[PDB]
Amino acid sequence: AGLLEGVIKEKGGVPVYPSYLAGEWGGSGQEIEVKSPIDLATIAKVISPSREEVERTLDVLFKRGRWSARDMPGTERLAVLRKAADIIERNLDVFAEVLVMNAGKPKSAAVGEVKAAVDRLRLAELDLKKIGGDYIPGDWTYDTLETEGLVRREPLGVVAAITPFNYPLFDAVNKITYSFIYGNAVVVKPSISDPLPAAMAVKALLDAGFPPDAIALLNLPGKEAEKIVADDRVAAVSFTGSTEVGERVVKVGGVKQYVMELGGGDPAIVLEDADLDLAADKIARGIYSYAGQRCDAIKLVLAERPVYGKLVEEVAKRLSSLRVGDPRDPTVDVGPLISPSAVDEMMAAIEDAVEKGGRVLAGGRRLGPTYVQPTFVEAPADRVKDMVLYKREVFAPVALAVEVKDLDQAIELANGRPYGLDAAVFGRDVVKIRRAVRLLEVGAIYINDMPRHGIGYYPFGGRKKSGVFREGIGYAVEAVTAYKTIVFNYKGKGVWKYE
């Protein structure tokens, strides 16, 4: 019900969400169950499109969508987005309810995500800061005399937005927003794990006036989405997911523009002059938020000798005093993980750390097929690098703690992981901070705060295995737009008199 009135089919017993085929909601492919991590129960089904429908949708997006999106002036695109924001905002509780149930996200976090989606849509005007073009005069080279250049951006056409499970609502809205604001049509492919919030977002956009043939929502499972990525009518792919799937995406897509936010964890470094209360507080939150299911979840804590004790102590106190349970109790801090499978990996990873000399300082206990206590494992620097928790990203609420002699060792250990998304540094000395900033191989460094992307007010993205390019208000334009250069020739035409 709600804004999905005539869309959802109460076929049989559970609500059946159809795909949006660039013009009409529908689909005639396999139906698929959508379960909740809260009780492993089926809360709905989605109709995936048949091959012919994928083909027809791409064809519409390309032959008509590109033009409907592009030929709608920017001032109107903004109105559409602002209206969509209004719709989502008045249906807030419902968007939040679905996030909590479908994603297992605590209530406060679920409401935060909806408010992020709304703000993002409402602030699309800020993305215009990187809208101008360039005028290049040609008299700075004899070869270009009496010549002139104009460099401006142009939408690419059809952008494929592939979305992960941890921000089913925000990610779809964000990617649709920055792709559409510049004149592109968009194909959204949400995680089949929790595709419902995307369906709600798309409908809200359509109600707001989004060109009906300029957007599609295909509930394709995993490798079925490869048909979209590899298609030549898809000029760009905005992907947020795991390193491994990202690799597969580029290998299937070949030459195209890409933005790959591949996550991995984030290390946090605490210097001897850091505000330890702030640090402990921020680091604990970074470790457990949404049960560590955040691309930028803190996975490693490095603190200099003289504060390692206090710091680790506080973070552990904070972590163990956390109420775990059903996401609905505004009291609960940590809800469930997306699947029993994820919890298995977390547990196997903790034993590994212990087997290699690691000691659990907090948590450690599993609580159910999809429930676990946020864990903090102490580890000696001379053995941490071979531990799974270090070498890999265990998508769960678990982090390593490691005492270090100085900044160089912290930086070294921090750079030792295969990832490079963000890093956090707590301290006050400008020199040490500047050195850390220069040497940490990451897309972003958070000084005296936990890494938090929010609506992308500041650009962020990966280095190393964390991906390529950036998302963010303004910067995202680089991934879904292409330059168009115009060279004017006035050689010998009397505009300039030798200059």
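All residue numbers are counted from 1 along the displayed sequence.
When 21 to 29 is weighed against 484 to 492, 21 to 29 comes out higher, by mean CA B-factor as recorded in the entry.
Comparing the deposited coordinates for 201 to 209 and 353 to 361, the stretch with the larger average C-alpha B-factor is 353 to 361. Comparing C-alpha B-factors across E471, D449, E53, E441 in the deposited entry, the largest value falls on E53.
Highest CA B-factor among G416, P221, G74, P137, as stated in the entry: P221. When the modelled residues of the chain are ordered by their C-alpha B factor, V477 lands in the middle third.
When the modelled residues of the chain are ordered by their C-alpha B factor, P340 lands in the highest third. Looking at the C-alpha B-factors along this chain, the one for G65 belongs to the middle third. Ranked by C-alpha B-factor against the other modelled residues of its chain, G149 falls in the lowest third. Per the PDB record, residue ranking by Cα B-factor puts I43 in the middle third of the chain.
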